[PDB]
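Shown below, as C-alpha cells, is a lone chain in the form deposited without ligand AMP; questions about how it binds or moves come after it.
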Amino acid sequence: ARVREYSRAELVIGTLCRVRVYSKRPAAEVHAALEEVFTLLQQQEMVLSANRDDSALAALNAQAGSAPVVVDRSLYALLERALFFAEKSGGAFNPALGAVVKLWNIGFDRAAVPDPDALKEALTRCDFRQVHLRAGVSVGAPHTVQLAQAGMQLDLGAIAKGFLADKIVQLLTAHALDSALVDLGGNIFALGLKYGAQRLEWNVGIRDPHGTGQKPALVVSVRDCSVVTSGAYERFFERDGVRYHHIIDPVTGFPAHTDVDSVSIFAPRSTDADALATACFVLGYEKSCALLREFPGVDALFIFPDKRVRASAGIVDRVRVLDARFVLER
C-alpha cells in the first residue's frame, strides 16, 4: 500500500486553517476525516467566538451579573483550563479580559486608542476569580458557568486556537491518522512524524518578528508537539507614530511592553502552549523562565530585539538558524 499526502485549507474562525496529512489509508477515509475537521471548525466558531452575536460565548456574556448558565462539557473544560493558567500566570493570561479587549477591538477598526477612563473602568470588570465553574456530581448533571462580577465578559481569543488544534488532533486520531501538520492561523500542531519510507520530524519555521513573514528566521524539528508563537506583529495598528499591538497587559490595560520580540511555546497540548505563549509575552523573559519551571514538560524559544535567540534545553538542539542575522545562544 502506498503513502499519499493530502492537504486542505479554508478561511474559518477568522483565519486561514490548513491541515496536511500523510497516510496509507484509503483516500476516501482521509477525505472523510478532513471533511470533519473543517465541519468541526465551523461548528466551533459558533461556540467560542467573542465577536459574533450568535455564539454560545456571546449568550454567556449576555448573562454577566446574573444566574449560572449551562454549557457543553467541552466549553466547560476549556474554561477550567483557562482559569488554571490565569491563576498560574498571575493574571498575565486572563480569559475575563473581554471588557478591555472590546474597547481595543473598536480601536483597531477606528485607528484610535481608547479613553483612559473607559479603560480604567473596563479594568474593574476583568476579575477572572469571579468566574464560577460548577458541575454536579450526579449522573448526567449539567455543567454551568456563572459570571459573578457585573459587566464582566469572557474572551477566549488567546487560547481558542490551541483548544481547536487539540480537538482536531483528537479527531484525526479517531480516524486512524497518525501523521499530520495542523496550522490554524499560525498555531501549529505536529502530529507524529512526516515521511521522506523514512519517517522524519516535522520542521516548523518561526518568523523574523520584524519580517514580512515570507521566510522563517529559524526552524525547529518536532514530533507530537504544538508550536505557538506570540509577537506584536500578529495584529496591530498605528496612530501618531505609535504601534498598538493586540497582546494586552492586564495591569495597564494597554499593549504589553516587554523585553522580547516573540516567544514560541512547545507543548504536548496546544491549549497549554497558546495560553503560555500569551502569558510569557506579557511577563517578559525572566518572569517567563520562572513560570515555565512550573511546567517541566514544556519548552520555549525567545527572540530578542537584538536578534539573539534563547531556547530551553528540551529543544535547543533541534533549532536551526536560517537567517544568519539571528544568533542562537547555547
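In this text, residue numbers run from 1 along the sequence as written.
Just so it is clear, the following notes concern the form solved in complex with ligand AMP, a form of the same protein that is not shown.
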Decide open or blocked for this chain: ligand AMP is absent here, so superimpose its site C-alphas on those in the entry with it bound and check whether 3 or more ligand atoms come within 2.4 Å of a backbone or C-beta atom.
open
Segment assignment from 170 to 178, 140 to 148, 97 to 105, 69 to 77: heavy atom within 4.5 Å of ligand AMP in the entry with it bound:
97 to 105
Ligand AMP in the entry with it bound reached by all of 92, 158 and 247, non-hydrogen atom within 4.5 Å:
yes
Is residue 300 close enough to touch ligand AMP in the entry with it bound, meaning at least one heavy atom pair within 4.5 Å?
no
Does residue 235 make contact with ligand AMP in the entry with it bound, using a 4.5 Å heavy atom cut-off?
yes
Please determine whether residue 271 contacts ligand AMP in the entry with it bound, using a 4.5 Å cut-off between heavy atoms.
no
So in the entry with it bound, does any heavy atom of residue 153 sit within 4.5 Å of ligand AMP?
no
Could you spot which one of 57, 33, 267, 282 gets a heavy atom to within 4.5 Å of ligand AMP in the entry with it bound?
282
Just to make sure I understand: among 295 to 330, which residues lie within 4.5 Å of ligand AMP in the entry with it bound, judging by heavy atoms?
none
